[PDB]
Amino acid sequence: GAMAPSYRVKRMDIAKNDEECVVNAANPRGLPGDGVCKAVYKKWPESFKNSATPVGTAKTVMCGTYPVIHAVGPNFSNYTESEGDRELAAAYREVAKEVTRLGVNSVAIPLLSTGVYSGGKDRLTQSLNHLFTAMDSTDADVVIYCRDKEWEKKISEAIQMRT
């Protein structure tokens, strides 16, 4: 574990992370996809060998020795708010089991089911709170990646408000 496990947020491409593993915002089919998934595909394409996995699950594939945890959040265009909420919580719980299993001291993570899978709604608080519920029991350093200046500020405020 990390000596003093922490949460941090950075506004930059998760493909440039400084952590021991990365969480992909994957599609269920293991396709290159869009947004974070496409950035992950360019940096670690070898990790998309047999990465297909159902909604609400995570599947780790090694790129060399670097673990890529493919986490499948729901696309809120297809799910009810209720069922989508359940699957989004579940995907983060599966990320926490994989981070623990791998024995990493740090993990790079995006906010699942924001952007293209958001169903046109602001889900920063919903996705971040499910991330916290899953990762709070882990002792890895968690570095949350985002691309929007206002989301960076709101994620930073949410981390500090619990400290």
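Counting begins at 1, following the sequence as shown.
Peer 1: On average, are the C-alpha B-factors higher in 26 to 34 or in 103 to 111?
Peer 2: The stretch with the larger mean CA B-factor is 26 to 34.
Peer 1: In the PDB record, does 150 to 158 or 10 to 18 carry the higher mean Cα temperature factor?
Peer 2: Higher mean C-alpha B-factor: 150 to 158.
Peer 1: Which one, 69, 55, 116, 128, has the peak C-alpha temperature factor per the PDB entry?
Peer 2: The record points to 116.
Peer 1: Grab the CA temperature factor for residue 73 from the record and place it in the lowest, middle or highest third of its chain.
Peer 2: According to the entry, residue 73 has a C-alpha B-factor in the chain's lowest third.
Peer 1: If you rank every modelled residue in this chain by C-alpha B factor, which third holds residue 60: lowest, middle or highest?
Peer 2: As the PDB entry reports it, the C-alpha B-factor of residue 60 lands in the lowest third of its chain.
Peer 1: Where does residue 122 sit by CA temperature factor within its chain: lowest, middle or highest third?
Peer 2: Within its chain, residue 122 is a highest-third residue by C-alpha B-factor, going by the deposited values.
Peer 1: Please place residue 40 in the lowest, middle or highest third of its chain according to the CA B-factor in the PDB entry.
Peer 2: It belongs to the middle third of the chain when residues are ordered by C-alpha B-factor.
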